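Visitor: Okay, handing you the structure first.
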Amino acid sequence: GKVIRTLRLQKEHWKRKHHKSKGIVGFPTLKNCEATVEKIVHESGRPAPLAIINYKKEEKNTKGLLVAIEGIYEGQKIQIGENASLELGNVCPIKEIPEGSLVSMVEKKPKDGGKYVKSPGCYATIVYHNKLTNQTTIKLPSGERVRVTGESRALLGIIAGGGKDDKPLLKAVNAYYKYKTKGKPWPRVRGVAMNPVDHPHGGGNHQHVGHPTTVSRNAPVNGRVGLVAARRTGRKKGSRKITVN
RNA sequence: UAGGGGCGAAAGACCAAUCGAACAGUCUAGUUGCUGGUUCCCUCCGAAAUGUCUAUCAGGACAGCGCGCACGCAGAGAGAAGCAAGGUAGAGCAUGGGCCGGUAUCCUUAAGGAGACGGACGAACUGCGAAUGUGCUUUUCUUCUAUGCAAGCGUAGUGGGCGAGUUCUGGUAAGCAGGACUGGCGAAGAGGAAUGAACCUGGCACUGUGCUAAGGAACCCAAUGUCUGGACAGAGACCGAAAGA
RNA sequence: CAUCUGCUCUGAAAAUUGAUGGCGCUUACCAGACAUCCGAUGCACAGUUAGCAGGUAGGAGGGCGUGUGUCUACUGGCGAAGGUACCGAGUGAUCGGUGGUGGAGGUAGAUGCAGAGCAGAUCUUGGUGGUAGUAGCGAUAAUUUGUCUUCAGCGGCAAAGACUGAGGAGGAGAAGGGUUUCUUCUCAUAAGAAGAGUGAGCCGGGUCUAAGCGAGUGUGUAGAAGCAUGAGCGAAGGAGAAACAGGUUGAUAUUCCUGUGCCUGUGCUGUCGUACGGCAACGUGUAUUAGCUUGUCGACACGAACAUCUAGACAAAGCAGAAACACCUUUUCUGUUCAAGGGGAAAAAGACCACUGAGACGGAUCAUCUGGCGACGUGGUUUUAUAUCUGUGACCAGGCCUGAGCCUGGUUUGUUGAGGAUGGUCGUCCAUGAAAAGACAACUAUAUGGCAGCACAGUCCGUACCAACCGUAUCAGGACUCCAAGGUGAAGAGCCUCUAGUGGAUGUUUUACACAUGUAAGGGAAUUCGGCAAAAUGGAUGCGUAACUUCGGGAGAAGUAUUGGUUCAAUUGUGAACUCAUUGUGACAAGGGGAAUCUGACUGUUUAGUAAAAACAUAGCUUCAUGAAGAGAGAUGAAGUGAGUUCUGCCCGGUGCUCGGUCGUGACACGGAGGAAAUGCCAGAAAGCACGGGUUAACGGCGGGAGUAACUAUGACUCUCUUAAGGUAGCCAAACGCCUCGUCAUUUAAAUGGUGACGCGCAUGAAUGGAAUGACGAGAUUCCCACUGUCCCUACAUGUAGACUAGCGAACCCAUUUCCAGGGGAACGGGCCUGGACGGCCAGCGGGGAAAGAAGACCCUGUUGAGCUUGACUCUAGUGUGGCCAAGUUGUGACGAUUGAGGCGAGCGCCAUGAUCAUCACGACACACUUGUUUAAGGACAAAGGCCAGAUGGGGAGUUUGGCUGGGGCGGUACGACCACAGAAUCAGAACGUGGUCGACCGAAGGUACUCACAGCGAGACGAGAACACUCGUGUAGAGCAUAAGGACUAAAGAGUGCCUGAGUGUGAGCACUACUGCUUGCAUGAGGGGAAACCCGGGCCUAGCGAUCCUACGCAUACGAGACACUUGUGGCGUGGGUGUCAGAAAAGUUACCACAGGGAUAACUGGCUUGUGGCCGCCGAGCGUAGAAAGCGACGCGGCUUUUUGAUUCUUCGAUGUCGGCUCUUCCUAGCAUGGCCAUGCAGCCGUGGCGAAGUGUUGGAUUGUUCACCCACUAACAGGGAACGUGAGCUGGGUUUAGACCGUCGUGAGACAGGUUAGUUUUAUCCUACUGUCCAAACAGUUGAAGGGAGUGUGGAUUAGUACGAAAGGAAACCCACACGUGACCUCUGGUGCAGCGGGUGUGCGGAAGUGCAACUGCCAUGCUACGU
RNA sequence: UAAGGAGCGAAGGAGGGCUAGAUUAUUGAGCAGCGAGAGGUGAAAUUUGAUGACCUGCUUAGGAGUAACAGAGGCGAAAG
């Protein structure tokens, strides 16, 4: 047969375009700074708003981008790095923040610029500090617990734009605007409605799959469709998670 | 974004009147056990549609039947006369299978059974047995025979057949399917059955005079009349049963 | 009288008209005989001749002709070759001469070399016919008259008549074209030839940057591709310094000329400058370069309402000129202009500054709103149009003259108003709506800078025209944009007009059949698969509006009434009166409505060119995988179901996916033992596999049999088999039910239909999603109201073609000689044989030419393909897993490998610890390697490369998927062997002919020598019986012989008993159609067997139990071995084993309804032919039955025929094509007689019937369900018989069924896919030829006639009278003449319907100044003549 | 007014809403010790344990609750 939809959309001419982008998002590199928030802006592909910051490096003014936490305003002064106060919207070394606190834009290793929590409405929880090894345990929004060194930086607050998934998209055109900038195929034609030249689920005198939909992790790429390496299937209840800090 | 690739609100849709794999050009005069065609005259000879093996059944090869060149040469698609083998037609029912009825007598019953016998029968019953056909010897056995036979060597076509008379098997039968024997049409014209591949007479270089065949002889149409019996039905010359006055 | 033989007779019925061959024959027949004649390519005689003589496929011998070579002989201007008429020679292929034409070359003989002879190939190229002066040439607005040319153009010009109608058939640009544009001449004409024509600082290109492309360099590659970075490039419609009026040419113009300007720079001469004002909001002053830095401009979505301006359009008055006047009118028409640049208001809308000090309150918008972070008020500051003036006069209208110049006007007011411009507000979004070049301000330094005059400069390329573009063209198609008047009306709708633009194949009143349209008595879907098509409804205003519902909707529900003109009131609500001959959204424009069911939620999308859908999409719902990112779990990808409401039961046995451990297996490397060494051997061994768990909103799956309740039925209850679990809740003859047209109710006169119920449901059912509704479908289906030419049943009229005529002018197709009936024939003839008939012409028509299209698409065959699937065969990319490979450095412990000095148990193995090399975790440093944490972080790990080895692998690649066969498939095996039967008494001998057997078994069931029988039957012998052991007599096999069938065997070949391993070893010859195989037989040998010996034995009493080349295993002796020699491996020879059952021997699964190619009537799906089982119809006999009684009527059990209208059986004709079911329409034939006419019998009183005979003239209907033929009901009737003609009839129609490609359901399949199972959507081409048929002319002067031959026509019902009669116990109950009607036939318009071309009238919208006369769009009342039936 | 409503003074109650804290207990994980059974009942089986249960230490993570004092005691319109 021919090449399936899933492979074609991974070729280079289909990658997302950057022409409307504001810049690369991430923290400054300097040990200490005082910054001012210049503007709060929407960026074409992203639902969380961005804040433009201004800080001096040598004598010269320089500009950066952060993801906005909820409760900043244009004109606010913010303090970055060691010796910053625990005030909403400051950036601090993680070892300085008390247990049970909520944080965003956490660095996985020092000076990486911030990864981890970046989507609207999300946060992470500080669950443990180890005074020997200088590690800290953070609980991520998937439920995963990960350990990071005390020298990493983090932003104090919750990411702006929460609640967005409460309102249903009642019409086809509303879905169109949401997926127009994403990589997923919309509208999505079902594999059982294709001919066998186009998809492993195609063909036959009734619309059916005909073979089990759970497939191996090591299966060849042009036929790896369906539920890939599923441990279980169906709507029944699972089992207890195992937890360590 | 480009061909075993694209693109698809999915129809195998669309990608320059081309898409269940584009166009141009080359390899390439790709291959073909299958269809079509294959160019002058006269003379002489003249088939086969069967057997064995084949991923064989619309094809091959080997053998059998033609022709050419021919070393050589007592032979013959016919009879007699001695001699073998055969189990069909007819005939029979003696081992085996198998239908109906029995006198005297016998056994029991007071029923039935057996029976000295008669009638009816078999592709896989036989005690007897033809005609026709087959083989052996003898030219020291009639009759024919050189314009004849012919080892050997080289090489062709053929390997869908069909029909008549006599017979057979399967089938209600069939211008049906399948065998055997002797001549045909295939590859055969001419005269006759009004017409007809195969039926009757009878086998063809080219002319002329006579005669016959088969079939005809009022007229169409070359040749026709006679004698004796039957027969009356718009009958017969061409044409159907059991049953009948 | 009874039998038998001959001829006649009865049994004896088929579809166009018919066949002893015809006409005829009764003395042309049947049977028995007789005469002699006619008749072959045969026979006789005679010529010619080698004479011996037919011939396909095929084979051989001798000759004729063509282009060129070598030689010999000749020839041509006193006319060569060629070509054309005649004449001679040869059996023939061919050859020779004569007369005209032609104008320079040509042969005869013998040999040599070949591109060496045509009727055909749907042959190749070129040229020409018939058809044929024919088919056609005419969609759109429309044309007439005069006059000149033209020389014969509806060409030009005047006057009329029309049309596009400002979302134009008008005026311009772009893409595309490229001289098509202008002048002259000529026809050569959508034709040529010769010239001429496009002028810029201010218009556009050359500039900037979007999405993006990229030279070079780095890395890579055999070279490439690719990847990282990046000079340069990327918009004639995005950003982008500065121009406008009026004139002029045959053709250019914001480009030329005149006038008035502007931008960017340069230079001269004058003339001034180095600062101030306001509480402030800010002003006055035309101001230099340069630089940091901060900001602004360039610089931006959609939608709605409200202001203001400008084009435009109206109406009054003034003047100037036009139109109209039988009448009337100060009625009607055209004009009334002002650019860029300069100067400049009031106004409206917002910002802001000073004073002031406000509320349970003031201000303010069409709408939101607004104020102590300062309201109202009073005075100011600033930003954004426009009117008006100047632009020095141009331009327009009119008058007077004129081959030129003068003169006069261009004045005032009101209403409205964009489809253009601008301003400040408001709404929407999980969508927030480009960059850069180039500018400007503030701040800091620095200063000869501003203005006026005059002068200079600004390169290069494009510039004509389009109705001329792409479709083979002068093609009804396609193709990016701009400007836009008046009336009617909501409206750049339709209809009518102004500005501007427009047109030719000719004449004829022109039948039939058409194509676009009108109208119709009475009836109203009766029509048809189906209301398909048409009709009906229609705008605005008011009254009045149901079920159900997600509460939004349904809803314009439905149902009803009103509407013109005039003259008034009243001011947006509307009222009232008067008036008209059909009435008023008058033309144009403009919904039919209701009740239910199946199905998809909705708007949206799709097979360009047969499918618009129930299919796809969609919002919502659920599952899966991941902490990797230029992205970071409210994320990023993969699947399934299909909005909302309400539910979503049970199963982890199989298959898959996933998790955990090894107990076993499982590669290469790395080790070990041995040997002179190679080859082998042993260990070792990840992941996988196996094993144990999880998982169905994963693939999917979800039962049988018996009994049992006070009538019968049914079974809550019991028992029994069975499993992974035995279909829960719901729903149903449903788009899913075979039987099936299921049963009951309702709808109709009548229901294979619809709806409601019921349910052991062939084969319903739960995100392979189940069930109940709303709103919305060009979706499928049933019914009702309105409405109608769909129909009964057709008639009349209009336009355009068509017929005839002038001008112009083709194609398909074609072996052609073409009237029928029967016969035969390749089984349906135009041509052949025997009969019936025989002409040409013009216009129509569709019976035939199995008419033309196109090497049948269905079906089979080919050792021909391609797309797609998987549990087919053999490989492969990707993904995982192991060991090894760039000398990192140094610590600690550990297991392991190798050998000593210790200890235990009757020097052994076992237990202690001490030295020698690898080596697995763990630490701590920095040097390889990694990362924009980069003057940095990690770190010998990772990540990325390389060489070998295992695992997985329809993601892909190649290929295969036997044969015979009463077509193929499914089934069997007639595919290798053996016996019997038949195949007309040797042997042989076919069919999916008949009855069967084989793929082995046995140390004896083999070899030998000797002994004796057997199966039964008749007597005996205790228990002991039907049947126990023992005896005597008979006993030709009635028994046995392992295993089919046949043959064979008696002191044995059978049953016993003894001994043996001949079921030896070498090597020959033969038989069965004879290779393999099986058997028969010769000679030589054994320290061979059995027997006294003669004799016998190298398997089974005989006929069946089996297999090549190459490779490999074993036995046997004799060989070979590379320069030489020794050994371990190897190679030769003979013979046996390991195996091919498709058995004279390849290594192999499906599907195509998406399909291709070569062929086949060697072979299926129609018709025809042969047959007639089965279907239908008729005879013979007489057992019984009929109230008696064979036979009025019947007729068992048996027997003989006919028919082709049923279905089989067979495969002769057609696969380079004979259009396939039913209906509609129309004609003819048959009889086996339903009605109607004449008769005979009766169990015939009469009435009504029943059985038969001669007879085919005239009849045999309207409907409901269904695609039906068929069936079954209702209504009528004299009666509602049965059939044929290529299952009559598609260049006659229709297209409901079946049978291409889309899609749903059930059952089957792992799947692609299947299903004489159900459902819905699905392109019907061409006559102009010949012949037939229908009419028309000629053959046939004119007037009057004749009648050969051909055609043919009237059929039936009722009433009255006989008559309440005959006849019958009664009840009942018949038989001419006359009159009324229906159907059919032929005519006719006096009457009555219908139609409206000629004729008279009326109104609506808009044109010609009014009235009168009238155009266009079309509407409407009456109606001559004519034609017609619903009339006579 | 030994009818009602407004108000003053000192005091009492598990009456109600909110904010910030608490002693144990029951489960779950981590690590350490030990080396065979634990659980449950009238009596037992499903079941769990050498991948170390049970029991004893130390760490942690959550979400409920307020024992004994506590009564013919108190409060509220009742539910509480």
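We label chains A, B, ... in the order they appear in the structure tokens, count residues from 1 in each chain, and number ligands from 1 in the order shown.
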Please identify every residue of chain A that has at least one atom no more than 7 Å from any atom of chain B, counting only C-alpha atoms (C1' of nucleotides), and report them as an mmCIF file with N, CA and C atoms, in the first residue's frame.

Guide:
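Printed below is selection34.cif as written:
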data_model
loop_
_atom_site.group_PDB
_atom_site.id
_atom_site.type_symbol
_atom_site.label_atom_id
_atom_site.label_comp_id
_atom_site.auth_asym_id
_atom_site.auth_seq_id
_atom_site.Cartn_x
_atom_site.Cartn_y
_atom_site.Cartn_z
ATOM 1 N N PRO A 187 -10.184 18.293 10.020
ATOM 2 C CA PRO A 187 -10.934 17.166 10.586
ATOM 3 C C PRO A 187 -10.271 15.802 10.448
ATOM 4 N N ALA A 193 -13.061 3.838 7.920
ATOM 5 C CA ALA A 193 -13.796 4.373 6.780
ATOM 6 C C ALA A 193 -12.913 4.558 5.539
ATOM 7 N N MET A 194 -11.655 4.087 5.586
ATOM 8 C CA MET A 194 -10.713 4.142 4.468
ATOM 9 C C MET A 194 -10.649 2.803 3.722
#

Visitor: Using only C-alpha atoms (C1' of nucleotides), which residues sit within 10 Å of residue 1006 of chain C once same-chain residues fewer than 5 positions away are excluded, as an MDAnalysis selection string?

Guide: chainID C and resid 1061 1063 1099:1100

Visitor: Store the residues picked out above, limited to N, CA and C atoms (P, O5', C5', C4', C3', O3' and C1' of nucleotides), as a PDB file, in the first residue's frame.

Guide:
ATOM      1  P     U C1061      21.010 -75.198   9.864  1.00  0.00           P
ATOM      2  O5'   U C1061      20.556 -73.904   9.032  1.00  0.00           O
ATOM      3  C5'   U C1061      21.016 -73.689   7.668  1.00  0.00           C
ATOM      4  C4'   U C1061      19.938 -72.939   6.921  1.00  0.00           C
ATOM      5  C3'   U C1061      20.026 -71.406   6.933  1.00  0.00           C
ATOM      6  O3'   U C1061      19.644 -70.873   5.654  1.00  0.00           O
ATOM      7  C1'   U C1061      17.887 -72.083   7.601  1.00  0.00           C
ATOM      8  P     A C1063      14.529 -71.301   1.999  1.00  0.00           P
ATOM      9  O5'   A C1063      14.693 -69.710   1.914  1.00  0.00           O
ATOM     10  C5'   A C1063      14.903 -69.071   0.626  1.00  0.00           C
ATOM     11  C4'   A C1063      15.214 -67.606   0.845  1.00  0.00           C
ATOM     12  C3'   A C1063      16.487 -67.261   1.638  1.00  0.00           C
ATOM     13  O3'   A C1063      17.142 -66.150   0.992  1.00  0.00           O
ATOM     14  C1'   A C1063      14.605 -66.276   2.678  1.00  0.00           C
ATOM     15  P     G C1099      14.388 -66.921  -4.691  1.00  0.00           P
ATOM     16  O5'   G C1099      13.532 -66.491  -3.392  1.00  0.00           O
ATOM     17  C5'   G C1099      12.076 -66.479  -3.426  1.00  0.00           C
ATOM     18  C4'   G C1099      11.546 -67.377  -2.331  1.00  0.00           C
ATOM     19  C3'   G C1099      10.027 -67.411  -2.179  1.00  0.00           C
ATOM     20  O3'   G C1099       9.480 -68.248  -3.213  1.00  0.00           O
ATOM     21  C1'   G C1099      11.050 -67.178  -0.036  1.00  0.00           C
ATOM     22  P     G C1100       8.018 -67.907  -3.795  1.00  0.00           P
ATOM     23  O5'   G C1100       7.021 -68.123  -2.558  1.00  0.00           O
ATOM     24  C5'   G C1100       6.588 -69.462  -2.190  1.00  0.00           C
ATOM     25  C4'   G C1100       5.900 -69.388  -0.848  1.00  0.00           C
ATOM     26  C3'   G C1100       4.383 -69.135  -0.865  1.00  0.00           C
ATOM     27  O3'   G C1100       3.689 -70.001   0.042  1.00  0.00           O
ATOM     28  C1'   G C1100       5.489 -67.528   0.516  1.00  0.00           C
TER      29        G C1100
END

Visitor: Using only C-alpha atoms (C1' of nucleotides), find which residues of chain D lie within 12 Å of chain A and jot them down as a PyMOL selection string.

Guide: chain D and resi 28-30+60-61

Visitor: Using only C-alpha atoms (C1' of nucleotides), find the residues of chain C whose closest atom to chain A is at most 8 Å away, then write them as a PyMOL selection string.

Guide: chain C and resi 430-432+616-619+622-625+627+630+632-635+637-639+656-658+694-699+768+868+878-880+933+953+955+1310-1313

Visitor: Please write the residues from the selection above to a file, keeping C-alpha atoms (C1' of nucleotides), as a PDB file, in the first residue's frame.

Guide:
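Result written to result.pdb:
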ATOM      1  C1'   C C 430      -9.878  28.602  24.069  1.00  0.00           C
ATOM      2  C1'   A C 431      -9.435  33.198  16.835  1.00  0.00           C
ATOM      3  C1'   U C 432      -6.609  39.421  19.218  1.00  0.00           C
ATOM      4  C1'   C C 616     -17.922  11.464   5.180  1.00  0.00           C
ATOM      5  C1'   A C 617     -17.332  15.416   8.675  1.00  0.00           C
ATOM      6  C1'   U C 618     -18.998  17.716  13.273  1.00  0.00           C
ATOM      7  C1'   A C 619     -19.784  19.136  18.811  1.00  0.00           C
ATOM      8  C1'   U C 622     -14.237   6.862  26.389  1.00  0.00           C
ATOM      9  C1'   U C 623      -9.548   4.374  26.054  1.00  0.00           C
ATOM     10  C1'   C C 624      -3.982   4.443  25.180  1.00  0.00           C
ATOM     11  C1'   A C 625       1.531   6.245  25.421  1.00  0.00           C
ATOM     12  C1'   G C 627       8.670  14.428  32.318  1.00  0.00           C
ATOM     13  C1'   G C 630      12.192  26.124  19.637  1.00  0.00           C
ATOM     14  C1'   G C 632       6.368  21.056  28.655  1.00  0.00           C
ATOM     15  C1'   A C 633       0.568  17.188  31.238  1.00  0.00           C
ATOM     16  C1'   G C 634      -5.844  22.811  31.224  1.00  0.00           C
ATOM     17  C1'   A C 635       0.597  19.448  27.147  1.00  0.00           C
ATOM     18  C1'   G C 637       0.708  12.555  19.708  1.00  0.00           C
ATOM     19  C1'   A C 638      -2.442   7.483  18.463  1.00  0.00           C
ATOM     20  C1'   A C 639      -7.326   4.888  18.112  1.00  0.00           C
ATOM     21  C1'   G C 656      -3.232 -10.389  20.808  1.00  0.00           C
ATOM     22  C1'   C C 657      -1.065  -6.749  24.213  1.00  0.00           C
ATOM     23  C1'   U C 658       1.237  -6.218  29.092  1.00  0.00           C
ATOM     24  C1'   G C 694      -3.397  -8.694  34.770  1.00  0.00           C
ATOM     25  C1'   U C 695      -6.649  -7.021  30.848  1.00  0.00           C
ATOM     26  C1'   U C 696     -13.190  -6.644  26.666  1.00  0.00           C
ATOM     27  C1'   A C 697     -15.644   1.727  25.654  1.00  0.00           C
ATOM     28  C1'   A C 698      -8.825  -5.162  22.842  1.00  0.00           C
ATOM     29  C1'   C C 699     -10.294  -8.845  18.485  1.00  0.00           C
ATOM     30  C1'   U C 768     -18.757  -4.074  16.867  1.00  0.00           C
ATOM     31  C1'   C C 868      -5.284  -5.777  -2.428  1.00  0.00           C
ATOM     32  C1'   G C 878      13.170  -0.519  10.845  1.00  0.00           C
ATOM     33  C1'   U C 879      13.091  -2.000  16.278  1.00  0.00           C
ATOM     34  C1'   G C 880      15.377  -4.576  20.196  1.00  0.00           C
ATOM     35  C1'   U C 933      25.364  26.652  32.549  1.00  0.00           C
ATOM     36  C1'   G C 953       9.558  -8.477  11.271  1.00  0.00           C
ATOM     37  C1'   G C 955       6.106  -2.382   7.185  1.00  0.00           C
ATOM     38  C1'   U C1310      -8.243 -14.302  11.065  1.00  0.00           C
ATOM     39  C1'   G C1311      -8.635 -11.076   6.619  1.00  0.00           C
ATOM     40  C1'   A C1312      -8.990  -8.993   1.672  1.00  0.00           C
ATOM     41  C1'   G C1313     -13.919 -10.275   0.618  1.00  0.00           C
TER      42        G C1313
END

Visitor: Could you name the residues that touch residue 57 of chain D at 12 Å or less, counting only C-alpha atoms (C1' of nucleotides), but leaving out those on the same chain fewer than 3 positions away, as a ChimeraX atom specification?

Guide: /D:31-33

Visitor: Determine, counting only C-alpha atoms (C1' of nucleotides), which protein, DNA and RNA residues have an atom within 12 Å of an atom of residue 232 of chain C; residues of the same chain fewer than 6 positions away are not included. Present the result as a PDB file with C-alpha atoms (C1' of nucleotides), in the first residue's frame.

Guide:
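Written file, result_7.pdb:
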ATOM      1  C1'   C C 213      14.615  30.254  -2.316  1.00  0.00           C
ATOM      2  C1'   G C 214      19.889  30.132  -2.214  1.00  0.00           C
ATOM      3  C1'   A C 215      26.302  30.797  -4.436  1.00  0.00           C
ATOM      4  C1'   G C 216      30.226  29.800  -1.350  1.00  0.00           C
TER       5        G C 216
END

Visitor: List the neighbours of residue 223 of chain B out to 12 Å using only C-alpha atoms (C1' of nucleotides); skip same-chain residues closer than 2 positions along the sequence, and give me the result as JSON, numbers by chain.

Guide: {"B": [216, 217, 221, 225], "C": [36, 37, 38, 39]}

Visitor: Kindly give the distance, in Å, that separates atom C1' of residue 13 of chain D and atom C1' of residue 74 of chain D, rounded to a single decimal.

Guide: 6.6 Å

Visitor: Extract, using only C-alpha atoms (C1' of nucleotides), all DNA, RNA and protein residues at most 12 Å from segment 21-27 of chain D, discarding same-chain residues fewer than 3 positions from it, and format them as a VMD selection string.

Guide: chain D and resid 61 to 67

Visitor: Atom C1' of residue 606 of chain C and atom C1' of residue 1295 of chain C, how far apart in Å?

Guide: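 Separation between atom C1' of residue 1295 of chain C and atom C1' of residue 606 of chain C: 27.7 Å.
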
Visitor: Show which residues sit within 6 Å of residue 74 of chain A, as a VMD selection string. Count only C-alpha atoms (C1' of nucleotides), and ignore same-chain residues fewer than 2 positions away.

Guide: chain A and resid 37 to 39 76

Visitor: DSSP says strand (DSSP E) for which residues of segment 170-235 of chain A? Put them as a list in words?

Guide: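 Assigned to strand (DSSP E), within segment 170-235 of chain A: residues 214, 215, 227 and 228 of chain A.
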
Visitor: Given the selection you just returned, output its residues as a file containing N, CA, C and O atoms, formatted as a short mmCIF file (atom, residue, chain, number, x, y, z; two decimals), in the first residue's frame.

Guide:
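Wrote result_2.cif, looks like this:
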data_model
loop_
_atom_site.label_atom_id
_atom_site.label_comp_id
_atom_site.auth_asym_id
_atom_site.auth_seq_id
_atom_site.Cartn_x
_atom_site.Cartn_y
_atom_site.Cartn_z
N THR A 214 -4.68 -3.41 20.10
CA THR A 214 -3.49 -3.25 20.94
C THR A 214 -2.27 -3.74 20.16
O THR A 214 -2.25 -4.91 19.77
N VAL A 215 -1.26 -2.88 19.95
CA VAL A 215 -0.08 -3.22 19.15
C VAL A 215 1.20 -3.11 19.98
O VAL A 215 1.23 -2.39 20.96
N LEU A 227 -3.90 1.35 19.92
CA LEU A 227 -3.41 1.54 21.27
C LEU A 227 -2.01 0.92 21.42
O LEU A 227 -1.86 -0.30 21.47
N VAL A 228 -0.98 1.76 21.46
CA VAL A 228 0.40 1.29 21.40
C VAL A 228 0.85 0.94 22.81
O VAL A 228 0.81 1.77 23.71
#

Visitor: Identify, with DSSP run on backbone atoms, the residues in segment 29-177 of chain A assigned to helix (DSSP H, G or I), and express the list as an NGL selection string.

Guide: :A and (94-96 or 164-166 or 172-177)

Visitor: Which residue is closest to residue 99 of chain B? Choose from B:151, B:111, B:2, B:120 and count only C-alpha atoms (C1' of nucleotides).

Guide: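 Among the listed residues, B:120 lies closest to residue 99 of chain B.
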
Visitor: Using only C-alpha atoms (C1' of nucleotides), I'd like a table of the residues in segment 96-174 of chain B that come within 12 Å of segment 65-70 of chain B; for each, show the closest atom pair and its distance in Å rounded to one decimal, ordered by chain and ascending number, as a tab-separated table.

Guide:
residue	atom	partner	partner_atom	distance
B:150	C1'	B:70	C1'	8.6
B:151	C1'	B:70	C1'	9.9
B:152	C1'	B:70	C1'	8.8
B:153	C1'	B:69	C1'	8.8
B:154	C1'	B:68	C1'	9.0
B:155	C1'	B:67	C1'	9.2
B:156	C1'	B:66	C1'	8.1
B:157	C1'	B:66	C1'	8.3
B:158	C1'	B:65	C1'	9.3
B:159	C1'	B:65	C1'	11.8

Visitor: Could those selected residues go to a file with C-alpha atoms (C1' of nucleotides), as a PDB file, in the first residue's frame?

Guide:
ATOM      1  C1'   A B 150      12.595 -53.787 -52.510  1.00  0.00           C
ATOM      2  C1'   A B 151      16.807 -54.057 -47.287  1.00  0.00           C
ATOM      3  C1'   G B 152      19.347 -49.510 -46.090  1.00  0.00           C
ATOM      4  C1'   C B 153      19.989 -44.163 -45.720  1.00  0.00           C
ATOM      5  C1'   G B 154      17.833 -38.979 -45.484  1.00  0.00           C
ATOM      6  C1'   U B 155      13.494 -36.143 -44.556  1.00  0.00           C
ATOM      7  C1'   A B 156       7.889 -34.294 -44.778  1.00  0.00           C
ATOM      8  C1'   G B 157       2.822 -33.879 -43.238  1.00  0.00           C
ATOM      9  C1'   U B 158      -0.530 -36.107 -39.452  1.00  0.00           C
ATOM     10  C1'   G B 159      -1.675 -37.240 -33.940  1.00  0.00           C
TER      11        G B 159
END
